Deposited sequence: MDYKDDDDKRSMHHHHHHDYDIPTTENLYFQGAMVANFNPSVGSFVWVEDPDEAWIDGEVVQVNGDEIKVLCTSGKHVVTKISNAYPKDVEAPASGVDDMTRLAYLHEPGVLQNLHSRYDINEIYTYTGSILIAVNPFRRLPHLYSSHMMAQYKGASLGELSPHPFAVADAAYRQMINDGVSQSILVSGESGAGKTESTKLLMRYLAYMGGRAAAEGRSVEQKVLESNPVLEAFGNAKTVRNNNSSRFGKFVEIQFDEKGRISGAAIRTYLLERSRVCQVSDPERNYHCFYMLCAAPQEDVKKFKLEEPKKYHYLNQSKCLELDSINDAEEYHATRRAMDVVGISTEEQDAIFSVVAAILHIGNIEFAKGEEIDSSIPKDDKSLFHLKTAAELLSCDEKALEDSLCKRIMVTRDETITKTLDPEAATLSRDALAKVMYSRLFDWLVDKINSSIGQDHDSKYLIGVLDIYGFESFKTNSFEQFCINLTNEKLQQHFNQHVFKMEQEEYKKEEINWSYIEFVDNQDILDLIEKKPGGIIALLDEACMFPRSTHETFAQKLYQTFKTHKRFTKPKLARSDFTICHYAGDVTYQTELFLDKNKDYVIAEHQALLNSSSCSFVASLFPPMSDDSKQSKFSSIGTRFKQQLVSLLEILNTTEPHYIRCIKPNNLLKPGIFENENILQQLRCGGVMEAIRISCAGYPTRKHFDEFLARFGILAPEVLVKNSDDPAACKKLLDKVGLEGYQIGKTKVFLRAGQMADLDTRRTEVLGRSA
């Protein structure tokens, strides 16, 4: 076991900074007194203490499994040391660990650096996402099976940056399709990314990039898949956060390019004024407009199609400045001041429709009756809800048109045999107020971590028990019950939300009370005492309390009748093309459920990833100030524990990554030792004896399969290739 010396350096617990560095000064029977470099003297039992590796280089260890002292402080200190010398990447078994640098490293990601990793093995070079990308490319041809790379972490930990690296390297192995997949990121980030408290350039939509490869290995096609874009940001923004980049790009654009839009300072427009943050130090909005147009030309978006897109973006900004006051008649709406009539006229001119038809779209809805057509009027509060509804649907139809035009140039089938898919989702985020959009984001992260848990801890250890192997079970925290809490078919938070959405005039307190009487006897569900309509979920990353105030509203997906009627009446080809013409030999739907639609998309994505061989990259956010050179133990310790990094190191150190059937084993490696006899095609004793003849040790013989350590299968294929070639 462990026995501390009278004078030695050990790790001890501390209220802050997690573990602290100390030196024992006194030794009792079972307790010891440590002395930290800080000077404080702590007293604790020996079992709480952990030995410290004094002989540790600043470079640390490239693999956490090769660490001399496997425990939490050594993992934390190995990470910290490599972070100080700008070595952000580090391996854990086959998994890659990435700590956010929060600074530019041009040499670490140059195209020359790609050539260095072109033929490199996973462990030959220093850890890098290019090595994970190459591993996915090599394992695709050696197996003929599709691959997928899965990037995880909390919000702002570097998933989107990590995905850009994988795409730049994957385009290098198959190489005009390559250029357009790389230029699709700036276009989508202009309309799907915005500043939050967690990330200055936070992804508000999840993407799944699919790279197609033919049998020869060329990049035949590529496709991008986007999931639940947040459109509520268009209308309501918190003070720290910012609206989508496109709005600020257009206000910083050269005046001759946007002279027709009649744009003002950003602080004037209602959809941006709520934030009170209009500029970013890390983002130059003027350059982003020039970069986005440049990227749009690469994808093939016509310059005339670019003008109509920005006309919609500038129109949405004008629409937000249309205030409503009480009309002369009861429950009537009218523009408040003459400035709202300016914006109402401008937004109609930018949308190529009638100014009065636009005004009648927000102030007055029409009731549907077979006997005659009647028009009611709206109160100012109802009219405000009608203009915010118009903007959201206009922005999502615009964002969806982009993803359709992107794949209309880079998406095609050349009868390819397999693909590689890198997955970029939104990270687990928690704010002082948590809406329905957060509920789906954290659900997505919850589902991805379960996939990690299954393919790393559940499926691996079931085989170990199945094969009668000598093995100590490694316990872990499973989040399956949280998934059953949300997407259970016979009553889940998603399923219950559709129930309350069917009943008209259902308040958020009724859906709230329904959650309490149903999930009362549950471990992962909690209710705040003073909050009637707020519910808390014990997420794997931490407790998050949600507000159901807007849950029923965010879930219903519908198109306002007079909204689609106006947008269809537009003289501009692009504006009318944003809404499909329904009701002509077509079915009319009351509303569609976003919760079930998003759940269905999440299951289909999971089923495609279950047919591919996965590769994991765990991103880590080192600090919350979004600045470099700040390594915080508490932030990183809580991410390692809830992410299961400690258990993964334990499974990678003692586990067996590769297993082959006896018949597959004697066929390939029986040629290594011709003198070793074999009784039949699947004889287990020959496997034991053929491995001893080669000199391998630590292997384990199972019920029906052999089990080898991380690098033991690799040298057997190299030994085989040498003898068969001779």
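Stretches of the deposited sequence lacking C-alpha coordinates, numbered from 1: 1 to 36, 212 to 218, 770 to 771.
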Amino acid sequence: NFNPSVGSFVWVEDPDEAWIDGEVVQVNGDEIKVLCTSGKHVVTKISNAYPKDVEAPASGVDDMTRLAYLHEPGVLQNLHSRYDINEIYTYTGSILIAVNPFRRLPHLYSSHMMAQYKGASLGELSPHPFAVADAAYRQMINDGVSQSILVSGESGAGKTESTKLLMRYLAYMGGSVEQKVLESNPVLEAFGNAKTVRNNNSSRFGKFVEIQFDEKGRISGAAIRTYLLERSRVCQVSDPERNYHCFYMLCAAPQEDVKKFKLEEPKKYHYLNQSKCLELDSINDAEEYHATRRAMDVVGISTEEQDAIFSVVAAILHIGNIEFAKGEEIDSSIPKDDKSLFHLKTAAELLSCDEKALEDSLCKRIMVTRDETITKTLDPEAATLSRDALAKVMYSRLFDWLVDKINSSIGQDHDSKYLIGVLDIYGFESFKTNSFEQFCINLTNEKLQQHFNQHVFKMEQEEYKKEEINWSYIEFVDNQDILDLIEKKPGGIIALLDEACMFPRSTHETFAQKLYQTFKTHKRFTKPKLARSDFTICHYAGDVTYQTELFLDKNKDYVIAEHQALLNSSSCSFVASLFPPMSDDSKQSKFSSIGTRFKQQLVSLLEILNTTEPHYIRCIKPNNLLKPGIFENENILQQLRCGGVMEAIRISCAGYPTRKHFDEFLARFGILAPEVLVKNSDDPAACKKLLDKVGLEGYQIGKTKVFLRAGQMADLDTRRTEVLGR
From here on, numbers count along this sequence of modelled residues.
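Averaged over their C-alpha atoms, the temperature factors of 237 to 245 and 509 to 517 are higher for 509 to 517. Per-stretch averaging of Cα B factors for 77 to 85 and 576 to 584 places 576 to 584 on top. As recorded in the PDB entry, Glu287 shows the highest C-alpha B-factor of the residues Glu287, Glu264, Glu446, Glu189.
In this entry, the residue among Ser111, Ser435, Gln412, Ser570 with the greatest C-alpha B factor is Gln412. Annotation for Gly144: CA B-factor lies in the middle third of the chain's modelled residues. Among the modelled residues of the chain, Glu359 sits in the lowest third by CA temperature factor in this PDB entry. The deposited CA B-factor of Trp401 belongs to the lowest third of values across its chain. For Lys554, the recorded CA B-factor ranks within the middle third of the chain. Only modelled residues enter the ranking.
The deposited CA B-factor of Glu230 belongs to the lowest third of values across its chain.
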